[PDB]
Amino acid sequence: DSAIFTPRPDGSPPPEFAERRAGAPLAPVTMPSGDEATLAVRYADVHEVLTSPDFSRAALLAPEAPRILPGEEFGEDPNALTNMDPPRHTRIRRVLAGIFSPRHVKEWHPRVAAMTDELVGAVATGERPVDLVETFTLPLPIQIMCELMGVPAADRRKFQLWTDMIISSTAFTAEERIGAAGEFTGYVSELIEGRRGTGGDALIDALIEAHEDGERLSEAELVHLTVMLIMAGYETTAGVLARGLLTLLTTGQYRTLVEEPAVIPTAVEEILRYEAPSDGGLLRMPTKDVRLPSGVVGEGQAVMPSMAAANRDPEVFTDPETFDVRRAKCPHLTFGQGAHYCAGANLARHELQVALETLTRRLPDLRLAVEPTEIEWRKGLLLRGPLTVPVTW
């Protein structure tokens, strides 16, 4: 297991979050690696940990630094954006801010709608019951990312299988995951070679142009970013989408969106808040003693921010354990905050919105085909979600 506390059979939070928010807001936690870190669970603390300039990400690559998981995985690549500090991080963050500008993401809206229509159309004209994960919530983000990256349809499954292997640290050995990452990268390098200089207007072309014309990305940064964007845009989105649809169906609030589609934008934010798929996040190393709202974290003592625990803090969210698609106030931290705020947040939010728009439009009578306790879940602190979501109509 890679769960933060006891592995859980559903999407409910571990009781230690509420216990800690009440009586131990900044206390050590033993991570799956066996190393310790300070677990921040209150929203005020997590928000400061994510936004303060007095924390480092690159310091966690040092040999004696705490690690979240046992082994030497791929979050140790010094060319990964999540492992960088300013000024290097600043340069690449500025490149990505232009590439993912609201104007540029809006230009990708039609492809997002086309892929969503295709997959919902296939469900609606097919047999029932169906597993909505295999037929929709899993394929949709990876197909979108593959389209935006100029990947042929025939290769989407390889990308899905490679990503699943690389992120499933407890399911495959390091040799297997290293091998998949080597294929992934190798494919992406050949993709760039066949794509560069041909005048496309996709995400992949904007990344290539940043390297070739701007000289604002190195070759290793370009290749690593392209792989990361695919992996992040696929798994995290797919997990939030499956968790959110399961919760909509179990609470009966799917019907709320069918009858009042104007609620879908607040529903997307509430799904992000309530089904935040990572109980824990990337560690932050204090580069000096940092005064947080609940206490001081010492220089050199790494902090785990829990965005999921922050997302249920009653100081910020009234009735935080209630799922309410009409919730007006929803400043969740599911996309993080500060320097490493999700670079794809606009695209991810739009995908979720269009998924719910299209499912409720085409399949208004959708309902669970099994009792929710028959569904198996992933357990790990970096990504939890249901394995299947059987539905019918």
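For every residue, the number given is its place in the sequence shown, counted from 1.
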> On average, which has the higher Cα B-factor in the deposited entry, 77-85 or 306-314?
Replying inline: 77-85
>> Please compare 23-31 with 58-66 and say which has the higher mean C-alpha temperature factor in the record.
In response: 58-66
> Reading the B-factor column of the entry, which of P141, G98, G121, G239 has the highest value at its C-alpha atom?
Replying inline: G98
> Hey, out of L246, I264, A154, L207, whose CA B-factor is highest in the deposited coordinates?
Replying inline: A154
> Which third of the chain does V41 land in by C-alpha B-factor: lowest, middle or highest?
Replying inline: lowest
> Is the Cα B-factor recorded for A171 in the lowest, middle or highest third of its chain?
Replying inline: middle
>> Looking at the temperature factor on the CA atom of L217, which third of the chain's modelled residues does it land in?
In response: highest
>> By the recorded C-alpha temperature factor, relative to the other modelled residues in its chain, which third is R273 in?
In response: lowest
>> Quick check on the deposited entry: does the C-alpha B-factor of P331 sit in the lowest, middle or highest third of its chain?
In response: lowest
